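What follows is a single structure, written as structure tokens, with notes after it.
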Amino acid sequence: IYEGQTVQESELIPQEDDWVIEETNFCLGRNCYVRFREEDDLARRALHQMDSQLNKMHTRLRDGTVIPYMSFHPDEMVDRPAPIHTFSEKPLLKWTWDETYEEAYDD
Amino acid sequence: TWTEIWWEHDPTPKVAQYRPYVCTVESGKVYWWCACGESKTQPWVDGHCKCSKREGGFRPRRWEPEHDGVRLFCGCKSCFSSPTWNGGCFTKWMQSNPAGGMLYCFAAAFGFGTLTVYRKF
Amino acid sequence: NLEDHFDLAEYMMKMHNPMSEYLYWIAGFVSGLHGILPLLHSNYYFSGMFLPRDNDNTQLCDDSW
Amino acid sequence: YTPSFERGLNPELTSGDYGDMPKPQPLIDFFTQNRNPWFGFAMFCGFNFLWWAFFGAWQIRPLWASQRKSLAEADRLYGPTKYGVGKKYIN
Amino acid sequence: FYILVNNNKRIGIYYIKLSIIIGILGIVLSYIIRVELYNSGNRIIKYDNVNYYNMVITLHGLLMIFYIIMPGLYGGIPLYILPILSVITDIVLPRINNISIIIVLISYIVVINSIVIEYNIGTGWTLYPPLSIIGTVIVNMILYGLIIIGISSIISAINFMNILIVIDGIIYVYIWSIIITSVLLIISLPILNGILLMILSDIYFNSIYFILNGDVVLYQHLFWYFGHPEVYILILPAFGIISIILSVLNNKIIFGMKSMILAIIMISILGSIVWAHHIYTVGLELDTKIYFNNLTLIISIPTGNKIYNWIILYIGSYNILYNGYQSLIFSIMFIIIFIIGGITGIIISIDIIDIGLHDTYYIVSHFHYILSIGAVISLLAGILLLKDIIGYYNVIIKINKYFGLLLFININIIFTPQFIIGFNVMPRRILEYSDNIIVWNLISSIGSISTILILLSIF
Amino acid sequence: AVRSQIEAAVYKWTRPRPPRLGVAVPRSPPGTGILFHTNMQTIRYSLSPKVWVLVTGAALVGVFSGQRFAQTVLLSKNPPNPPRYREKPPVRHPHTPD
Amino acid sequence: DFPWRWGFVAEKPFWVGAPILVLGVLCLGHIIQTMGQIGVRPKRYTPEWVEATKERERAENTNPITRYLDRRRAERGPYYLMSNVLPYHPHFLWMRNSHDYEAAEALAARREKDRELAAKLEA
Amino acid sequence: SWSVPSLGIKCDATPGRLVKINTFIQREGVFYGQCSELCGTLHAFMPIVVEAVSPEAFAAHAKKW
Amino acid sequence: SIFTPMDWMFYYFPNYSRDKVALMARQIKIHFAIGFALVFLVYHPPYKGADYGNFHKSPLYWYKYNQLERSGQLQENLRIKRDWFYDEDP
Amino acid sequence: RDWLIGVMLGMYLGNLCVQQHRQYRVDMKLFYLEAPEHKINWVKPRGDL
Amino acid sequence: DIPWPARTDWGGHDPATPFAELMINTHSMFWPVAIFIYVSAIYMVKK
Ligand SMILES: CCCCCCCCCCCCCCCCCC(=O)OC[C@H](COP(=O)([O-])OCC(O)COP(=O)([O-])OC[C@@H](COC(=O)CCCCCCCCCCCCCCCCC)OC(=O)CCCCCCCCCCCCCCCCC)OC(=O)CCCCCCCCCCCCCCCCC
Ligand SMILES: CCCCCCCCCCCCCCCCCC(=O)OC[C@H](COP(=O)([O-])OCC(O)COP(=O)([O-])OC[C@@H](COC(=O)CCCCCCCCCCCCCCCCC)OC(=O)CCCCCCCCCCCCCCCCC)OC(=O)CCCCCCCCCCCCCCCCC
Ligand SMILES: CCCCCCCCCCCCCCCCCC(=O)OC[C@H](COP(=O)([O-])OCC(O)COP(=O)([O-])OC[C@@H](COC(=O)CCCCCCCCCCCCCCCCC)OC(=O)CCCCCCCCCCCCCCCCC)OC(=O)CCCCCCCCCCCCCCCCC
Ligand SMILES: CCCCCCCCCCCCCCCCCC(=O)OC[C@H](COP(=O)([O-])OCC(O)COP(=O)([O-])OC[C@@H](COC(=O)CCCCCCCCCCCCCCCCC)OC(=O)CCCCCCCCCCCCCCCCC)OC(=O)CCCCCCCCCCCCCCCCC
Ligand SMILES: CCCCCCCCCCCCCCCCCC(=O)OC[C@H](COP(=O)([O-])OCC(O)COP(=O)([O-])OC[C@@H](COC(=O)CCCCCCCCCCCCCCCCC)OC(=O)CCCCCCCCCCCCCCCCC)OC(=O)CCCCCCCCCCCCCCCCC
Ligand code: HEA
Ligand code: HEA
Ligand code: CUA
Ligand SMILES: [O-][O-]
Ligand SMILES: [Cu+2]
Ligand SMILES: [K+]
Ligand SMILES: [Mg+2]
Ligand SMILES: [Zn+2]
Ligand SMILES: [Zn+2]
């Protein structure tokens with residue numbers, strides 16, 4: 001069964017005595033029904049909807065990396081509402097292994 | 001007992017009261033709940049406790065009611081549904097005074113057994 | 001085109017003509033009538049009344065109404 | 001209804017200046033919801049549905065008094081003989 | 001276009017839309033029944049028109065199963081998200097997907113037209129001969145609908161099985177539920193078609209299979225060989241939805257994924273060999289009855305494992321997250337309701353207990369708790385979970401605690417009394433009844449009128 | 001007076017010992033204090049095994065002790081059934097044709 | 001963003017509105033179904049017919065085990081039956097003064113004939 | 001289907017099957033039942049009434065009828 | 001294995017359970033034989049199991065039987081409490 | 001561990017129905033032997049109407 | 001024998017044959033198990 005990543009004792013040693021877990025808010029903000037503008041026509045309302053996607057949002061950490069919106073299933077990865085053609089580029093399921101080949105490295 | 005014997009890196013509160021605090025709350029207003037048990041305006045942060053000063057990992061707990069009414073608020077500072085009360089105050093008391101917990105649970109169980117048996121029989 | 005990105009773009013962008021919704025509700029209403037109208041027609045055909053009076057097939061008191 | 005100020009088990013922890021924040025109250029207020037008459041009406045209400053769900057509607061009994069009496073007489077005069085506490089029940 | 005569209009997501013919407021439309025007729029038929037059963041004596045159906053009541057129950061059962069719940073759970077949600085849950089773009093067989101929904105509509109039009117034009121008589125949704133083969137042409141029309149519906153079901157099953165070839169990700173639990181349901185259709189549908197043809201042969205080709213020296217019980221075996229897999233075909237997609245909702249809304253990985261998958265597989269295998277618990281009262285051999293009774297109880301073992309795995313998904317979830325969302329409430333309500341329906345199923349699995357409870361309203365309540373509450377609520381829960389993806393609006397259902405509470409209270413009022421009535425005893429498929437069963441029937445009737453009113457509040 | 005002595009005795013005996021972890025985790029570096037905050041998702045407060053048993057055991061005694069109390073005090077035993085005497089049945093069924 | 005009906009309902013506390021709605025919906029359902037049977041007075045629910053059923057039950061000794069079990073349960077503890085307190089038919093509202101006078105005369109005549117037969121049987 | 005709930009009997013009356021049911025009545029009485037298989041227009045109007053009497057009473061009744 | 005958590009099987013019998021695929025097959029085969037054996041060895045055998053004179057009496061049976069036999073309860077329990085229908089009316 | 005509470009709660013509530021069934025069987029054994037509700041030579045055939 | 005108003009009759013009522021008693025006893029035998037299954041599961045439906 002999965003019980004999280006394994007941690008070694010040395011990995012828990014801080015480089016400063018004042019380090020504490022970062023208090024970054026992972027609440028993306030306050031939302032409601034997407035509110036369109038009467039002036040926007042069909043094309044521009046589509047742009048408005050595409051700019052309100054929660055799955056395009058993320059939280060930036062203190063080192064510049066971002067933790068994105070993540071889901072257990074790919075149903076939450078398409079634009080909401082679902083467009084006619086969703087996965088133009090095949091989603092990549094990344095597996096990890098310890099195998100390696102010499103061609104990838106250079107000395 | 002998570003803070004007491006399992007994990008030593010989370011802030012550990014002081015029990016203000018082993019009973020919930022009853023308070024009237026209003027919809028559309030935000031309330032701040034003391035998570036250290038040292039505020040003098042319980043169950044709310046007073047501006048001088050650890051939560052107000054952001055000391056030792058203690059921070060105020062934001063809360064907002066959906067509707068107006070009277071709600072129960074945790075005094076033990078460890079209820080699972082904190083700031084709201086769900087009975088954890090009694091549970092945490094039994095940990096501190098297990099002999100007392102036996103008396104209450106026996107009495108409560110005794111009443112439940114009598115009523116249920118009397119009606120069904 | 002941007003207009004074609006979303007399926008049923010007019011409805012999803014909240015510009016659709018309300019008549020589409022009315023037809024959907026009307027279609028549902030007509031479907032419901034297929035249970036009520038034949039009931040009335042069949043009752044009249046075999047009895048001559050659209051609907052019975054409650055307990056009219058049983059013996060009733062003199063003052064029953 | 002201008003509820004009272006319950007100091008609590010430790011009065012020192014309720015001794016500060018509350019400002020506009022609400023002050024703790026007696027536990028009876030929670031059960032009455034500050035004597036909201038509609039909570040009390042919705043309360044009287046709660047007991048009626050419960051009663052109907054487990055015992056039936058006993059609000060129809062005043063109208064059923066006369067016809068229940070006739071049923072009781074019929075059982076006693078013509079129904080099968082009851083014994084002991086069984087006489088208390090009429091079908 | 002509107003009819004020429006092959007997009008699977010559009011077709012998924014059409015399945016949901018069509019099920020709601022047909023649902024109204026099913027609800028109307030259901031409402032006609034409870035109004036009539038309010039008290040002894042005719043209320044809305046003449047004594048001289050009792051044949052109509054038999055048609056109402058026959059259509060109520062048929063429409064709700066084949067035209068409402070099955071398209072909703074097996075055609076609607078799967079066609080929308082299944083290609084998305086898989087990493088593929090669209091359904092494998094786009095043109096077949098289009099014709100399947102059109103076929104469902106045409107069969108519906110044939111059925112309702114038969115109500116209007118043909119004489120109205122009924123033989124139950126199970127169409128037991130010889131009663132089914134001595135009836136009027138309305139029975140012929142209903143057979144055409146079922147056969148036509150069978151074509152759509154099988155081709156849709158073929159469509160989903162092809163996902164195994166093209167799936168570019170992991171087979172999630174939900175995908176397994178649809179795949180195994182397709183397998184059940186593939187193995188059970190051809191048997192159904194064969195026996196239905198025999199019914200047509202007797203009705204229309206002067207066949208003598210269902211007259212003396214021809215065993216009428218032969219039909220019951222072949223029908224229920226498909227009949228029980230059908231109920232498991234209805235519910236298995238509901239299980240898949242519950243697994244997704246509970247995991248997603250609690251931010252918890254599905255526990256025992258392989259146990260869940262194997263439970264679904266086990267149920268299908270067992271569900272295909274227990275059909276004869278519908279035939280306890282016909283007088284089967286002693287050893288035959290013992291076998292089916294024993295294997296029927298075994299179905300609870302895999303079904304129980306899924307229940308417990310669901311419970312641990314909800315346990316321990318973060319308190320800060322708001323738990324009043326309608327989708328979450330419905331998913332939790334399903335566990336509570338399904339357990340009631342399943343436990344009563346185990347009670348009526350014991351054949352000696354079933355002797356008293358066969359053809360009684362206890363059986364009605366059994367399958368209503370599972371289907372009318374559980375399956376509907378699962379379908380509602382799934383649609384609510386996908387509200388943002390689907391994009392429908394103009395309803396107040398996402399956060400509506402009144403609707404959830406009122407629905408739960410009132411549906412329980414309809415069907416809990418029917419358990420009690422079963423021991424009293426009141427037979428099924430009956431219009432009149434003895435005066436001493438009125439109280440319980442009256443309470444359920446009040447429940448039925450109340451539920452219909454609640455539906456108007458969502459708009 | 002006696003209550004205080006028994007209360008102290010149970011309190012001392014029930015103080016939990018450190019758990020025997022059934023999971024592989026590292027040792028926290030020495031001198032590491034509080035690193036998280038109180039806005040973390042609340043972790044349920046669970047009783048220690050000894051306290052849970054004592055409290056749970058008391059409830060079991062209570063519920064069954066209450067059951068015995070009801071059966072012996074609140075409820076009553078059936079008296080012997082009334083004697084069965086030979087009675088006259090009705091002369092005719094009320095629907096017998098005359 | 002919501003119509004008046006929802007803005008009104010959603011403003012109140014859930015446990016204030018919810019119990020009222022549950023009772024209100026049930027009351028409306030009962031009222032709606034009672035509309036079609038105002039003043040309907042079947043003879044089988046009149047006092048005369050009720051007595052005749054009791055006579056039949058005595059002759060047929062109907063449900064002797066329930067009557068025995070009810071007595072046994074009552075002797076042991078608190079036993080409450082809905083049938084004891086509640087009406088068994090919905091037409092009780094209109095049948096306060098309803099009677100079948102033809103049955104009354106016939107039932108009285110049969111009872112008189114039965115008394116004669118009983119005396120003859122005693123011999 | 002021939003159902004008499006008090007006697008614990010519910011046996012389907014199927015054409016072509018002469019099913020056998022055995023019973024032993026312990027107390028006198030009249031036991032009511034109803035057909036328990038949908039059979040047509042008047043499925044609800046074919047009740048089953050069985051009256052159990054003393055063996056001496058039955059012998060006299062059988063001889064007379 | 002029967003009624004056995006397979007984690008115990010993995011731990012205490014590593015070599016035997018080294019091939020998991022083969023282990024799964026044995027699990028199916030073993031339980032298939034049990035089901036087959038029950039029908040033909042427990043249910044089927046004709047004209048057997050009717051020796052009602054040889055009812056098994058476990059030690060718990062004798063403990064309770066002797067306890068009641070020592071007192072008068074066993075005699076009182078077996079006594080027929082009533083053998084007449086009507087009571088005499090005084 | 002908490003699940004054990006549900007097991008104990010289910011066992012107790014289940015045991016309530018065991019006691020009711022236990023008393024029911026005792027009552028039934030006394031019906032044909034002692035209960036005056038049980039009557040013989042009582043029901044007479046009605047005859048055809 | 002005959003249905004009576006507002007009766008639960010849980011498991012059956014008024015047996016007249018030894019087989020009828022068997023049907024009622026079988027249901028009563030399993031009824032407490034059914035309660036145990038329901039109560040044990042439902043008690044854990046919570047966060
Ligand atoms: C002292 C009190 C009495 C004790 C009695 C003891 C009995 C023996 C049990 C073993 C000993 C227990 C001792 C525990 C010591 C404490 C240990 C501990 O760790 O404590 C801290 C620990 C956790 O502390 P914490 O972490 O700080 O959090 C504390 C919080 O308070 C959070 O607490 P929580 O989350 O644990 O909350 C528990 C809650 C959680 O529960 C839920 O969340 C439930 C959610 C779903 C609700 C579903 C509702 C029902 C749906 C019905 C469907 C149909 C609808 C019909 C509608 C009709 C129209 C209206 O559980 C319940 O509500 C109980 C549900 C039980 C099943 C209900 C169904 C009963 C059916 C019975 C058969 C019916 C047959 C009918 C026959 C005919 C009529 C008679 O707390 C506990 O352990 C608390 C335990 C208390 C449980 C009491 C439950 C009593 C229920 C009685 C039911 C009676 C039924 C009567 C009818 C019977 C007929 C046959
Ligand atoms: C179970 C219930 C409770 C459910 C609760 C839970 C629900 C949860 C939510 C579920 C949501 C699922 C997902 C939803 C996704 C929606 C996507 C969407 O909107 O797609 C866009 C789609 C189309 O939008 P669009 O893209 O703008 O389309 C543009 C058109 O393609 C092009 O525009 P156009 O204007 O060119 O259109 C052409 C138009 C041309 O229009 C016109 O020319 C109209 C002229 C006016 C006609 C009006 C009707 C007149 C009727 C007269 C009756 C007289 C009776 C006299 C009686 C006398 C008695 C004495 O029509 C036609 O030419 C063909 C019409 C054929 C279809 C309509 C058939 C009507 C019934 C016919 C019955 C015939 C019976 C014969 C029987 C004879 C037997 C022998 O929307 C719709 O189609 C409407 C959908 C509305 C519902 C949306 C969902 C809302 C949430 C649910 C609400 C509750 C519903 C409850 C059921 C209904 C209850 C009644
Ligand atoms: C039969 C009487 C009928 C009376 C009429 C009906 C009156 C209305 C009652 C409405 C109650 C609603 C309660 C809230 C929903 C429950 C959700 C929940 O549990 O989560 C809360 C909370 C979870 O955290 P949260 O986030 O704060 O809550 C989320 C809410 O869901 C968020 O939901 P929200 O946004 O809607 O906010 C709701 C909020 C605000 O809630 C309210 O506004 C409700 C305030 C309490 C009102 C209670 C009035 C009781 C009146 C009784 C009258 C009796 C006499 C009747 C006539 C008899 C004639 C013979 O709730 C709270 O603040 C939670 C408070 C904890 C639950 C308290 C429930 C029990 C109240 C006491 C009942 C006493 C009944 C005695 C019966 C005696 C019969 C002779 O913690 C728990 O789960 C609480 C654990 C359970 C504690 C209470 C234990 C039961 C009380 C003692 C036994 C009483 C029965 C004795 C029988 C004796 C017979 C001889
Ligand atoms: C060797 C021998 C040789 C012999 C040679 C002999 C040859 C014989 C030939 C035999 C074959 C004849 C037929 C050939 C068909 C050709 C197809 C083709 O190529 O079409 C291209 C052609 C392209 O059209 P276009 O010329 O480019 O113009 C199209 C428009 O400009 C705009 O484009 P569009 O496609 O968007 O517009 C179409 C659509 C646009 O309008 C809309 O869609 C309106 C907006 C939607 C409103 C909401 C509707 C409700 C929601 C439905 C959800 C599920 C939808 C499922 C998918 C659609 C299924 C139809 O409106 C309609 O067509 C009507 C839509 C009807 C929707 C029905 C939904 C369910 C209704 C439930 C009724 C409940 C009441 C029960 C009682 C009544 C029962 C009937 O196809 C069409 O668009 C028209 C198709 C029309 C034929 C439909 C025939 C249906 C027959 C049904 C069975 C009736 C029998 C029983 C009668 C009972 C009466 C009571
Ligand atoms: C004395 C006699 C001795 C006889 C000896 C005979 C020896 C025969 C040797 C047979 C060896 C088979 C070798 C091939 C293995 C399968 C490989 C495979 O399919 O490759 C994927 C391949 C696609 O290639 P791919 O790109 O590698 O796929 C990537 C994955 O999609 C991406 O997925 P992923 O990477 O996330 O996961 C990988 C894997 C994930 O799944 C697995 O790895 C599953 C592994 C277990 C499979 C079962 C093995 C057998 C277990 C023992 C059973 C013993 C029973 C003994 C009973 C004895 C009674 C006397 O995915 C799949 O396997 C997908 C296909 C699953 C199809 C399942 C269809 C339902 C069958 C029932 C399920 C099995 C239940 C077993 C029992 C459970 C209870 C204990 O699939 C296809 O080509 C799909 C074709 C679809 C055709 C459907 C229409 C067929 C006609 C249907 C007729 C009616 C059928 C009725 C069935 C009833 C069922 C209850
Ligand atoms: C979705 C629909 C659905 C589902 C899932 C089920 C599921 C089950 N059904 Fe049901 N059934 C129907 C729909 C359904 N049924 C219909 C429609 C009829 C009537 C058809 C007609 O006559 O017209 C019917 C009829 C029916 C009959 C009577 C047939 C007759 O004689 O008329 C029986 C008898 O055993 C039965 C049994 C079962 C069982 C044992 C399950 C099991 O799958 C249930 C298993 C679930 C549980 C047991 C609860 C969960 C498990 C636990 C909580 C823990 C483990 C529990 C135990 C070990 C007891 N069903
Ligand atoms: C899915 C199947 C389904 C559903 C939902 C229902 C729903 C209901 N059914 Fe049932 N019913 C059957 C299938 C179903 N039924 C079957 C198969 C039979 C046996 C047939 C026979 O006897 O041969 C039967 C029999 C049956 C009888 C017995 C008839 C008789 O023997 O005389 C009765 C009596 O009241 C009844 C009542 C009801 C009621 C009051 C509702 C509902 O009102 C309950 C509450 C539901 C609502 C208020 C509507 C909710 C909305 C939907 C269900 C649609 C949702 C659609 C989408 C989400 C797309 N049903
Ligand atoms: Cu005969 Cu029904
Ligand atoms: O069918 O269960
Ligand atoms: Cu089945
Ligand atoms: K009626
Ligand atoms: Mg049948
Ligand atoms: Zn503080
Ligand atoms: Zn607390």
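Simple scheme: letters A, B, ... for chains in structure tokens order, numbers from 1 for residues in each chain, numbers from 1 for ligands in the order shown.
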
Please find the residues contacting ligand 9 at a distance of at most 7 Å between atoms, with only C-alpha atoms and all ligand atoms counted, and report them as a PDB file with N, CA and C atoms, in the first residue's frame.
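Below is the file part10.pdb, written as the result:
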```pdb
ATOM      1  N   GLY E 227     -32.670 -11.648 -16.965  1.00  0.00           N
ATOM      2  CA  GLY E 227     -33.301 -10.718 -16.048  1.00  0.00           C
ATOM      3  C   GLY E 227     -32.391 -10.295 -14.912  1.00  0.00           C
ATOM      4  N   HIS E 228     -31.718 -11.251 -14.277  1.00  0.00           N
ATOM      5  CA  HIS E 228     -30.945 -10.838 -13.114  1.00  0.00           C
ATOM      6  C   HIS E 228     -29.663 -10.134 -13.527  1.00  0.00           C
ATOM      7  N   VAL E 231     -30.343  -6.440 -13.709  1.00  0.00           N
ATOM      8  CA  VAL E 231     -30.326  -5.614 -12.504  1.00  0.00           C
ATOM      9  C   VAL E 231     -28.894  -5.322 -12.094  1.00  0.00           C
TER      10      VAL E 231
END
```

Which chains and residue numbers are within 7 Å of ligand 12, counting only C-alpha atoms and all ligand atoms, if I want them as number ranges by chain?
E: 358-359; H: 36-37

Please save N, CA, C and O atoms of the selected residues as a PDB file, in the first residue's frame.
```pdb
ATOM      1  N   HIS E 358     -42.971 -13.772  -1.897  1.00  0.00           N
ATOM      2  CA  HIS E 358     -43.010 -13.668  -3.346  1.00  0.00           C
ATOM      3  C   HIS E 358     -44.280 -12.955  -3.778  1.00  0.00           C
ATOM      4  O   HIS E 358     -45.343 -13.113  -3.173  1.00  0.00           O
ATOM      5  N   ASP E 359     -44.166 -12.167  -4.841  1.00  0.00           N
ATOM      6  CA  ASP E 359     -45.319 -11.477  -5.407  1.00  0.00           C
ATOM      7  C   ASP E 359     -46.058 -10.669  -4.343  1.00  0.00           C
ATOM      8  O   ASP E 359     -47.288 -10.662  -4.283  1.00  0.00           O
TER       9      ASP E 359
ATOM     10  N   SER H  36     -51.468 -14.777  -6.562  1.00  0.00           N
ATOM     11  CA  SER H  36     -50.182 -14.100  -6.458  1.00  0.00           C
ATOM     12  C   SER H  36     -49.373 -14.225  -7.742  1.00  0.00           C
ATOM     13  O   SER H  36     -48.148 -14.313  -7.706  1.00  0.00           O
ATOM     14  N   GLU H  37     -50.050 -14.242  -8.881  1.00  0.00           N
ATOM     15  CA  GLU H  37     -49.384 -14.171 -10.175  1.00  0.00           C
ATOM     16  C   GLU H  37     -50.306 -13.401 -11.101  1.00  0.00           C
ATOM     17  O   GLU H  37     -51.459 -13.798 -11.285  1.00  0.00           O
TER      18      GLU H  37
END
```

Using only C-alpha atoms and a cut-off of 6 Å, which residues of chain F sit close to chain B? Please list them as a count of residues only.
20

Test item: residues no farther than 9 Å from ligand 8, counting only C-alpha atoms and all ligand atoms, as a ChimeraX atom specification
/H:1-2,13,34-47

Could you dump the residues just selected with N, CA, C and O atoms as a CSV table (one decimal), in the first residue's frame?
```
chain,number,residue,atom,x,y,z
H,1,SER,N,-51.3,-18.2,-9.0
H,1,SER,CA,-50.6,-18.7,-7.8
H,1,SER,C,-51.6,-18.8,-6.6
H,1,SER,O,-52.3,-17.8,-6.3
H,2,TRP,N,-51.6,-20.0,-6.0
H,2,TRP,CA,-52.5,-20.3,-4.9
H,2,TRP,C,-51.8,-19.9,-3.6
H,2,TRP,O,-50.8,-20.6,-3.2
H,13,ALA,N,-49.6,-21.9,-9.9
H,13,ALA,CA,-50.5,-22.8,-10.7
H,13,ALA,C,-50.1,-22.6,-12.2
H,13,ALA,O,-50.7,-21.8,-12.9
H,34,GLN,N,-55.1,-14.6,-1.8
H,34,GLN,CA,-55.3,-14.0,-3.1
H,34,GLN,C,-54.4,-14.6,-4.1
H,34,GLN,O,-53.3,-15.1,-3.8
H,35,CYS,N,-54.8,-14.5,-5.4
H,35,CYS,CA,-53.9,-15.0,-6.4
H,35,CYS,C,-52.6,-14.1,-6.5
H,35,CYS,O,-52.7,-12.9,-6.3
H,36,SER,N,-51.5,-14.8,-6.6
H,36,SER,CA,-50.2,-14.1,-6.5
H,36,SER,C,-49.4,-14.2,-7.7
H,36,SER,O,-48.1,-14.3,-7.7
H,37,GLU,N,-50.1,-14.2,-8.9
H,37,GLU,CA,-49.4,-14.2,-10.2
H,37,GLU,C,-50.3,-13.4,-11.1
H,37,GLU,O,-51.5,-13.8,-11.3
H,38,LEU,N,-49.8,-12.3,-11.7
H,38,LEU,CA,-50.6,-11.5,-12.6
H,38,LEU,C,-51.2,-12.4,-13.7
H,38,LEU,O,-50.4,-13.1,-14.4
H,39,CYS,N,-52.5,-12.4,-13.9
H,39,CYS,CA,-53.1,-13.4,-14.8
H,39,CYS,C,-54.1,-12.8,-15.7
H,39,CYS,O,-54.8,-13.5,-16.4
H,40,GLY,N,-54.3,-11.4,-15.7
H,40,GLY,CA,-55.2,-10.8,-16.6
H,40,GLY,C,-56.0,-9.7,-16.0
H,40,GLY,O,-55.5,-9.1,-15.0
H,41,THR,N,-57.2,-9.4,-16.5
H,41,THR,CA,-57.9,-8.2,-16.1
H,41,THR,C,-58.3,-8.3,-14.6
H,41,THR,O,-58.2,-7.3,-13.9
H,42,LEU,N,-58.7,-9.5,-14.1
H,42,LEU,CA,-59.3,-9.7,-12.8
H,42,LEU,C,-58.3,-10.5,-11.9
H,42,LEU,O,-58.8,-11.3,-11.1
H,43,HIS,N,-57.0,-10.2,-12.1
H,43,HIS,CA,-56.1,-10.9,-11.2
H,43,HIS,C,-56.4,-10.6,-9.7
H,43,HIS,O,-56.2,-11.4,-8.8
H,44,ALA,N,-56.9,-9.4,-9.4
H,44,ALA,CA,-57.2,-9.0,-8.1
H,44,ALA,C,-58.5,-9.5,-7.5
H,44,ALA,O,-58.8,-9.2,-6.4
H,45,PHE,N,-59.2,-10.2,-8.3
H,45,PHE,CA,-60.6,-10.6,-8.0
H,45,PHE,C,-60.8,-12.1,-8.0
H,45,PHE,O,-61.9,-12.5,-8.3
H,46,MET,N,-59.8,-12.9,-7.6
H,46,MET,CA,-60.0,-14.3,-7.5
H,46,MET,C,-59.3,-14.7,-6.1
H,46,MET,O,-58.2,-15.2,-6.1
H,47,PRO,N,-60.0,-14.4,-5.0
H,47,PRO,CA,-59.4,-14.7,-3.7
H,47,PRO,C,-59.5,-16.2,-3.4
H,47,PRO,O,-60.3,-16.9,-4.0
```

Expected answer as a count of residues only: residues within 9 Å of ligand 4, only C-alpha atoms and all ligand atoms:
44

With only C-alpha atoms as the atoms that count, which of G:89, G:99, G:111, G:72 lies nearest to chain K?
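The shortest atom-to-atom distance to chain K comes from G:89.
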
Atomic distance atom CA of residue 91 of chain A - atom CA of residue 156 of chain E, expressed in Å with one decimal:
25.5 Å

Leaving out segment 41-49 of chain C and any residue of its chain fewer than 5 positions from it, which residues lie within 7 Å of it when counting only C-alpha atoms, given as an NGL selection string?
:E and (45-46 or 48-49)

Take the selection from the previous step and output its residues with C-alpha atoms, as a PDB file, in the first residue's frame.
```
ATOM      1  CA  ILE E  45     -59.557   3.902 -12.965  1.00  0.00           C
ATOM      2  CA  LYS E  46     -62.988   2.435 -13.630  1.00  0.00           C
ATOM      3  CA  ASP E  48     -64.694  -1.789 -16.170  1.00  0.00           C
ATOM      4  CA  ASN E  49     -61.287  -0.405 -17.212  1.00  0.00           C
TER       5      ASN E  49
END
```

Contacts of ligand 5, 6 Å or closer, only C-alpha atoms and all ligand atoms, given as a ChimeraX atom specification
/E:161-162,164-165,167,170-171,180,183,187,262,265-266,269

Between K:2, K:45, K:20, K:35, which is the closest to chain J once you count only C-alpha atoms?
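Smallest separation from chain J among the options: K:35.
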